[PDB]
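Chain naming follows the written order as A, B, C, D, E, F and G, and within any one chain the residues start at number 1.
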Amino acid sequence: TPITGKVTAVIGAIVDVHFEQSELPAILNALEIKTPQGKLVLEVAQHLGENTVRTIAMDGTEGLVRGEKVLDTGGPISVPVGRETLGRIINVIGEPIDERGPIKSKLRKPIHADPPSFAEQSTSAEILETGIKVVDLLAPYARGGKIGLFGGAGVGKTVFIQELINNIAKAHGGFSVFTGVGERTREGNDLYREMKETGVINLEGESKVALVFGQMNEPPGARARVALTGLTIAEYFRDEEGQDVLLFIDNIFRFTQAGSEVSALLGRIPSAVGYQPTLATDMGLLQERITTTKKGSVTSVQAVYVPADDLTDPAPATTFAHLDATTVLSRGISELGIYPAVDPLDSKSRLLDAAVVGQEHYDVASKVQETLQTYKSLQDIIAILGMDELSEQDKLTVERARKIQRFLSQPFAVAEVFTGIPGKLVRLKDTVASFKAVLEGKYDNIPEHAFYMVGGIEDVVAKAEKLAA
Amino acid sequence: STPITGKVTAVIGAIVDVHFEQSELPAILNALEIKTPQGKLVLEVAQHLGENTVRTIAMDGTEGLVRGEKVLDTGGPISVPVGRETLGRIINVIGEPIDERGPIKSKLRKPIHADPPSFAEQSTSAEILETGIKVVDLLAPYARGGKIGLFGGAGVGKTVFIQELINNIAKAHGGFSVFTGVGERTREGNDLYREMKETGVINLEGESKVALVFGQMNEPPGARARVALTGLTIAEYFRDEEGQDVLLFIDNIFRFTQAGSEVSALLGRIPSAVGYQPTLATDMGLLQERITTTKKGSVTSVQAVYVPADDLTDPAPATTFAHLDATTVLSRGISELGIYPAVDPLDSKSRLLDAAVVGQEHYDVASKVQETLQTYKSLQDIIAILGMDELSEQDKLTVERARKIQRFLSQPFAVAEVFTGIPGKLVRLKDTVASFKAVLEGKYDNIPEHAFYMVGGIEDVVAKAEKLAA
Amino acid sequence: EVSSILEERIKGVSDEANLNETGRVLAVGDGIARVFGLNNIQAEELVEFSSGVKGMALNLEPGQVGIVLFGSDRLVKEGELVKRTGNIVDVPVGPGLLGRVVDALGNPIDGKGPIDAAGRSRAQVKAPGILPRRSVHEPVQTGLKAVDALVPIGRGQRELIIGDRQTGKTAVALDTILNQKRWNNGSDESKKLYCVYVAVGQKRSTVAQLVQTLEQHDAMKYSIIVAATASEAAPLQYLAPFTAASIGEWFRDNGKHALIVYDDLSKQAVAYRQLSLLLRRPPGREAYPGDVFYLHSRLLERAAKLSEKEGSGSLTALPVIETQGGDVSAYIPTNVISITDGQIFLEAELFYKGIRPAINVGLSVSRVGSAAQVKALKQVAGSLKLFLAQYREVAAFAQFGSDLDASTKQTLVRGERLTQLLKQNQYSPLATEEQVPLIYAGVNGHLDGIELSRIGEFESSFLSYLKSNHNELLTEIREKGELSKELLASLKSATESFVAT
Amino acid sequence: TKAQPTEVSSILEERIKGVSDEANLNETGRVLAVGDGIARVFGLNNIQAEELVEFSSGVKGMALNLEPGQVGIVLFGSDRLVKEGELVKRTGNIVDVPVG
Amino acid sequence: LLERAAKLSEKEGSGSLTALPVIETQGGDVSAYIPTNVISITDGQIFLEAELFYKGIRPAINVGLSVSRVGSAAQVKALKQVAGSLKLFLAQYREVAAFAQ
Amino acid sequence: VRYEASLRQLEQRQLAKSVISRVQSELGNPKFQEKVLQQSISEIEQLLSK
Amino acid sequence: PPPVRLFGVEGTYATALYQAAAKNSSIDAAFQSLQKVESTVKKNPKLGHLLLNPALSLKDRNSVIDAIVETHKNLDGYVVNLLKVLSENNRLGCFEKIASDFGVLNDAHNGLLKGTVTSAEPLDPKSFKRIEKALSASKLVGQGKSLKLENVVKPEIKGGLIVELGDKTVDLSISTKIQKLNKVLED
């Protein structure tokens, strides 16, 4: 509507407008301030009455002069969706930031949308093989699954995701969405280049992937609805196109982080550790909009830059609420040289079970966990005393755990370059077999180093021959 | 005069502000009653915010309050009923019998804002309470008119200890007792009512040798704070007016602390350390000073305390640790050992434990106990990893005596026929001094550790030695 | 058909009257409106915003009365009128909820259509007195042996399930429901616990998996699922236990026994945290305003083993606080621990150790009863506790691997076998008549000899053997529920018969 | 617009009524509100810092906060009888105790 | 600040502004909000070892906590060839002295 | 039974949007004018009854 | 005396003025004089919007008061004593607010009430009158209680009508009924 207004205040990027006319806006409406910086998009977030709203500002702020006209463009911002959004990198306003020229589209849809109901649910979880032993063993993936990574400060959170994309998303023909919230531009350039190169984006051709990328530098408010924009793209694919979907989100600590910044300014008492009191509603909403329906079971992968690695901080804690699998990755375990760097006693999946992946798998995993937990327990004794002051039975366990640990070191594929060691990807069927034998100590008699940085049991054997030479 | 009409303006939980008539306010600490289908909502006046608008704290529910609602003024501090015709009634916070044995009170009501008596009245009479519980008597004798403090985990025998005290001491001693419940369960209430009906202390016919004031945590925080104050005034009526000595019991006073911290925050008063009211000390002081050994009477309070995570250097217990005359620490470990009572032997320190005020003989025996136990405890660490293979025979005899003593502490309790199933044993002070002395001298190092377990004095210890022997 | 139902619906609306209350919205945004006017507003009343949003009013101020929205922000508009429903919040309460998932406001979200609730009630009903209680004598058996033995569960009793998040946190409770299938199957109505599973803060998919599990175990029939999904509003999340409580109280009042699982109250606390801070109330300790204790206490004290007068109907509660990092010193965990009649500490390390269920038994207590378990089972597990208590000390000696006293290592050897005996795979409970033998064998030391690896093998086989031969013995344990001399001897002979061989 | 202690409605109405409470209240005072034992007194304009002031409740106090409109007395005495508009005479002698 | 430092593309003239942001960590405790916030932006860290500084490497580069995630794709082939992955090798040195005790 | 129930639900939502179409039809008509008179006289009747 | 407290808007400051001049019982006079000074402030818009914008000293603010009584010496002494307060606290932004509030208080004291019969379209004078009759007939607006039922056009209430006054409304409209109809036929 032509609700004229003035910019009464510009207190940061939480501009307050005074809509001069007593014509009322509505919460979650969108406004265009037209400036020589083009349009600036604001989103009505409070009505403070007297027709004086308080508005979140999506695009950049500066230059603003108080008493500047507003126009209400209403409702939630309308993204552009269709199959002709497949292959684009999208801002938030639908703009192609990979600059493929105005995004061709069918139907343009509001950013905000409702979370599918309890009735709309149709929850299913398959098995999905990642070609990574540690992942498969500890947390078997699934279709429609919700995966969560609680890795470091992009120390290889990105690397982990890239490998997963390389394996799973090029082994998934159905649509897949990459939404990268507040992440570094270079990663985006690398990814875009790689995608175009790996034909997942055929540039001239069609893409079975779509990409949304939101740069960290971009104002917090933009990052908040970068996610919502992506969720709309996903919903269009899930619903309207109907096709099988996947979704990747990294860094969703930034989603939380952005929200906490605006919350204080908005005038909301920022709850514990400065994090917004509305943290729960937002995380919940996002994860109830990304949900498995009969329309489509959406596999989601969420990557949390755990802040200073505190997972007891409310933002990681509330992530746990809406996940079905986690593969918390410890920065320490990265330092030990183990790549994958996933903490193994802090990995879980609902699909790890004695019949969901079989009793044999479950038993094999159980023994690995028990062995490692014992080893962790004997870390005190080992250090204060020695390993020769350990019991012989324990010394076998310790040697086994050291071997198992080293076995878990399995080179990365995308980061075959970055690690500098050719990637080792191993089938799920192979994994169960390999661990069963090792647990029976059948291969525990060959160098611990042989187990180190290699794939399957056969590879360990071959590297033993290499070491022998 | 006339009940000042006030109109509620803001219901913001328990804090309810009233807009009393122009040029007329009550004074701080007065009592407002608001007629409701909830009877009288009692608001304790706690601030005046001026403009004939007071800010008062509710003790009871604030549902359905119409903002603008007429508030009658009793006009003066909350006055409960006190009497000797309060004996054998369960009475809620607002002084209403919830065992409903008609209108209680002797002939009097008194305010619960009773003052702490001056220094001149308060004169310490060091006199010896005797619980008959051997460990309690010997290693930290309790004292009449005292302010005993049962720090422990939630019902780590805390309820049991008090029940045992009531079973022995309450009926035995001529003074009345008052059981005051601060945020304790109605489940716990039914057990207490039943148990003291059973011990007959609640004499079903006529007067009981105890009165009950059972307060519940479900009730808003205001009621939780001033259930304690209510109980205190009944005890004061016994102490003062009727002269009578008492043996007060409060449970858990952590609920009192917790309640006060909350309403400090709610009053707007910025919470101090670990979120606890900056006014903690003076509130504790007011409570403690009111309970006293005076010329008028003597009140022997035993106040249960719940110690969060059994950590009492936490400011709410730690401040209380100063304020109580005769601290006792009870905990999980001793409970788990199956020892009744759950008192930690080397951790607990009562007011009296002097070298001859408890009697020189008593003291010397108890000093010998302390050394014997202390030796076992020090050596416990060596034995744990290294073993007892590197310790001497003399040390081993001391360890053996301590283990025997450790389970000598286990003395059955009749009110833990509910728990253990074993009827109690009560051992006189003289009998305890004698019985413990013998063991230490080594006269009963030939009596197995378990023949000290769950039995009374030396006579019983010998009898169970014989029982285990054959 | 659908036309007929619609014709009834169209018929079902006509005519209205003057609205004597009003107030004009001003603040709006932050999902908490504050409206100007409203003096007729009775506290906690439900107020219908003209948008179509309903919000109860929890804060009254002589400026602007703070009405907590259940509905969406955008729908509400500044200057709207709100007309008071004139009713303090109420929920339909009855037996129609049996076999129903319901959201906070009691709408069947499973969409099994309308509920045959026999009343509506209020969510602010207060806890029954000392006099309305009766002595607790109603055992509850979870089918997990450790729970029954170590922390025996009565009825009208609060047992707090505490421990690290989603370590099958849901699953421990579900196991109870499954062994309570046996009593439910049993026609003794007062032993039929109508189980109310309250799910606060959880996603629809998780819930959908839970309802699938429950429907699979066909326990859903007597189950009521009260939900406040992750989507659902923070006021509605706060209100969800209290309205769950009302549904439970209808059973309790009727003399019927029921069980309420409050999973997870930790997310309820966050909801009240949010709610309070957007009612602008000062942050409490850990941003949960103090009176949160008052809120929780009134809720929890409505689980009661009522008098014979009240039909003995006892609603039993199992609160669940999912402690993050086992942080029990956190204000809400400290608060709850005091309120509850048991704590059932679980530990992640013991999960990793392979003890599944993983129970930190040292801090697991049930302060109340032993008529909260079977008499027979009380006799056998008497020294299960003693052995385990000795085992704890012994295990400490065993650590650092110092050369144990032979006696301590006897304890160690016995203790280990017991530990393996306790472990049970999720969604497999065990009938008490056949938990008494296993514990008899262990406690009467016959298992102490049997090697740790084949304890699991032994256990399975032992059960099969008793089914074949000493099924008479099982029948007697079922029938008489207190081990007599004859049963102890018979059982000893049977145990010997299969321990040897 | 903003909150000011002189804009307290009883003070304000008198001033509007052409009656200024100043002169009378330079020593004496009148409590505006007493909550938390923090009487805020209008008057005492001849007060010296930390001077001893005596209420008509017999309460003695010291005045840690001197603000122009209000003097935030801290009571040595109790709050129990104290109420709005309490006469606070200014003893006019800074806190002293016998020494010797 | 940081994302204004870039290796541009041929259209933009390929120009660079190489950012090397130098964080002075007191105690070198890099689990800490300010260091971690930087780490997520950056590719690589250059943590320095005090023990080694004293032990005569001026300056002394901790190599456990020095990483460079995408470093070797900047490298020219001589400097790709000569180094086969000394970090791996010296994380065998690290392991060896780890298990020496 | 499952498809039968689904068909009733489907019938209900189809007939629901058909109801929306009738609502849009009513608000077009100068029943939109005439019902203001109906509401007016109804308020006269109600408020006189108050 | 207060003609019913107005507080929630810091109107207690206005209430104080009202009751103080009510006790002098020169409220009509006060109200009229308040209109005159407010009007000549507005009709001196340059430095009667920017002299309603504080930036004035103690002395300059006081001299502004002196300039104000230069504008007219008939003004009523009680609102001149209020002016002293407003100068001293330098408050003056809620001056027209006080004028409006004093008006509200005045016509509350008179017992006159306003009113609106918002519709999405113009509303007949016959409708005003008939509803005014009905409303006067209702106990809701008695006598001594005046009512000015006016048309407002607000498409927010799409079609229909809502009668409003005294926090009592009768809403017989199409929009509310449609809302309910839709909802109930979505049941």
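The rule is simple: a residue touches a chain if its C-beta (ideal position, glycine included) is under 8 Å from a C-beta of that chain, and two chains touch if they have at least 3 such contacts.
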By mean Cα position, the chain sitting nearest the middle: C
Where chain B and chain D are represented by their mean Cα positions, the distance between them in whole Å: 42
Gap in Å, rounded to a whole number, between the CA centres of chain D and chain A: 62
Between chain A and chain E, centroid-to-centroid distance (C-alpha), Å: 25
Averaged-CA centre spacing for the pair chain F and chain C, given as whole angstrom: 45
Residues of chain C whose C-beta touches two or more other chains: 6, 17-18, 38-39, 61-62, 77, 400
Overlap residues in chain B, where contacts from two or more other chains coincide: 51, 268
Numbers and ranges of chain F residues touching at least 2 other chains: 19, 46-47, 50
Touching pairs among all chains present in the structure: A-C, A-E, B-C, B-D, C-F, C-G, D-G, F-G
In the complex, chain C residues that touch chain G: 6, 9-10, 12-13, 16-23, 36-39, 50, 52, 61-64, 77, 81, 83
Residue ranges of chain C in contact with chain F within the complex: 1-3, 5-6, 17-18
Touch list for chain G against partner chain D, complex: 10, 12-13, 15-17, 19-21, 23-24, 77-79, 81-82, 84-85, 89, 91, 93-94
Residue ranges of chain C in contact with chain B within the complex: 38-45, 59-62, 65, 88, 124, 126-136, 156-157, 281-282, 284-285, 289-291, 293-294, 297-298, 301, 304-305, 328-329, 331, 334-335, 337-339, 341, 367-368, 389, 396-397, 400, 402-403, 405
Residues on chain D engaged by chain G in the complex (per definition of touch): 1-4, 6-7, 9, 12-18
